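Structure first, then comments.
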Amino acid sequence: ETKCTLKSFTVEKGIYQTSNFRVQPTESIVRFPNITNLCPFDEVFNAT
Amino acid sequence: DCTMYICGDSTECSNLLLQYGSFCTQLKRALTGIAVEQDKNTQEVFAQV
């Protein structure tokens with residue numbers, strides 16, 4: 001990777017920065033309020 | 001870090017950024033050069049004995 005970054009097949013003595021490390025997320029979470037305000041859809045559809 | 005700063009986690013943003021070229025190579029090179037320059041200044045100043 002150091003070779004690939006320097007764009008050369010030979011590397012001299014030293015310290016070289018090559019890439020970045022970052023922990024990838026594990027899973028996704030979605031949060032919303034207590035959505036319970038339902039309309040009278042059923043009360044209208046089942047009306048006599 | 002160019003990716004983290006400009007785009008972050010956006011892979012499509014990274015793909016769009018890759019079209020701009022080698023700006024970030026120059027950016028990182030200049031930053032590392034400034035770091036090494038500050039280190040060399042500290043050394044030349046305080047390591048005379």
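Since every read-out is calculated from the coordinates, none of them should be taken as a lab result. Note that we place each Cβ from the backbone using ideal geometry, even for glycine, and neighbour counts take in every protein chain shown.
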Criterion (within 14 Å of chain B (Cβ to nearest Cβ), among the hydrophobic types (A, V, I, L, M, F, W, C) and out of contact with any strand residue (DSSP E or B) (no Cβ under 7 Å at 6 or more places or on another chain)) met by exactly one of A:15, A:35: A:15
Of residues in the stretch B:7-17 being away from chain A (no Cβ under 13 Å) and within 22 Å of residue A:23 (Cα to Cα), the one surrounded by the fewest Cβ atoms within 10 Å (Cβ to Cβ): B:12
Some residue of the stretch B:24-40 being outside any loop (DSSP other than H, G, I, E, B), more than 16 Å from the chain's Cα centre (by Cα) and of a type in the set (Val, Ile, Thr): no
Options A:22, A:31; residue that is more than 28 Å from residue B:30 (Cβ to Cβ), of a type in the set (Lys, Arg) and not in a helix (DSSP H, G or I): A:31
